[PDB]
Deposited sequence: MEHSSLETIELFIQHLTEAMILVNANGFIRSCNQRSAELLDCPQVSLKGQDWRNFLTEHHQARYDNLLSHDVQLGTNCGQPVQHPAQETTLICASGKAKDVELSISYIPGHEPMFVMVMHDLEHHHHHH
């Protein structure tokens, strides 16, 4: 899985009726879908490039200081209650899961289920 696989995955996510974003090791959004744009209340063009930590509450923010080192190992966990914060200040309670995809350019996949 390299730069070519990335495109494949990015396109794949576009078809999914699940809200999800692709994030790099530094925590910045590399790719997303229309569902995540609606959930996070932000257009895809403006969503990519953003630090995903921008949508987390201050508490959960510290929870994800570094994606490559858990609160020593790269973070990943099945869905769990999390509160998201939109630029408008609107807070949505969701179920967040994080997946880790190792590689020279490690990616993290966030699937957020709106509650």
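- Positions of the deposited sequence absent from the coordinates, in order: 72 to 78, 123 to 129.
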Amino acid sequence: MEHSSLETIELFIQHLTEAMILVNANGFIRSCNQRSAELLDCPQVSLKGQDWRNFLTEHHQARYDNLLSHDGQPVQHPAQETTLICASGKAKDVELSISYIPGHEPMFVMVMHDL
From here on, numbers count along this sequence of modelled residues.
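- Stretch comparison (4 to 12 versus 106 to 114) by mean CA B-factor in the PDB entry places 4 to 12 on top.
- In this entry, 59 to 67 shows the higher mean Cα temperature factor of the pair 44 to 52 and 59 to 67.
- Of all the options 89, 27, 78, 72, the entry's greatest CA B-factor is assigned to 72.
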